[PDB]
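Quick heads-up: it's one chain on its own, the form deposited in one PDB entry, in structure tokens.
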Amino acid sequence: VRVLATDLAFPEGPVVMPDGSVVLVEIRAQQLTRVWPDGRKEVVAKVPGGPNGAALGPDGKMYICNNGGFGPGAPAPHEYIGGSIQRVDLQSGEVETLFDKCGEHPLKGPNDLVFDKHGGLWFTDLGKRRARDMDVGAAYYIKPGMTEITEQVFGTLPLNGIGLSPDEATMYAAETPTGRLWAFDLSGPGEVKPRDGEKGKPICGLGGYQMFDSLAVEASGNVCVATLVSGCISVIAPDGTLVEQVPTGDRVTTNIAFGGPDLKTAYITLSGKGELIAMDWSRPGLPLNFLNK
């Protein structure tokens, strides 16, 4: 295990660039940061609110889930500025807001996102916590071209990690408080399959007191989910079998991304310790669209 950076203000949304650098978000610092291979930290852009997850899109620009702000805890009314999907230019540092609502519903707490091979964009909504109530979770899909958002999953508990199977016929969403990974068969890109209260299958539910954060998929189809409280990566097979749990040393392990040679290096955000770490992985990661393939 290598420590690539420290003193990160709740790092998240690691994107491992081909040049070896990592572009990630710092939710508390409200910025998009680039960790060079030597370790130098450079601020790509300030992203007010709560930049929560990142993914490289077809235009070489960085797409961002902005949760609107944390307090992490429930934000006060005046530090929450509304959720959104944003785009940051890695050359100019310019920030564009693409979407601040689905239909007429303001986006609440966009969390993480993944592109399909057609440029469609899945993202999760964790929702916001308030004083005496909380939003429900959801999963949305932005149609190819970044044209319009559709609400594909709604009414679960807060959703966090999201990914696609290698063949992209299954979408996975992690439900944070329950430690459950949900699999959604797709009839086609961006459309949950007809037939499945619940709209999917809970293929794995961890026992005890464990919660899920973000995730990354392996070329094997295994889904690697950052696991809160127990502080590990839970590797879950497509059938729901818990294959292993890889300790990381931080109760608040939040995300994982694959890079390096053969995509066999796991870049992991230890958000309790404020660190970005690199960890040799036993198997290769699934190439992400527009980033790795």
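The first residue of the shown sequence is 1; numbering continues from there.
Separately, the form deposited with a small molecule bound exists; it is not shown, and the next lines address it.
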**Message:** Going by heavy atom distances of 4.5 angstroms or less, which of 257, 236, 27, 55 would be at the interface with the small molecule in the bound PDB entry?
**Reply:** 27
**Request:** Identify which of 189, 72, 202, 144 has a heavy atom within 4.5 Å of the small molecule in the bound PDB entry; exactly one of them does.
**Result:** 72
**Touches the small molecule in the bound PDB entry: residue 213 (any heavy atom, 4.5 Å)** = yes
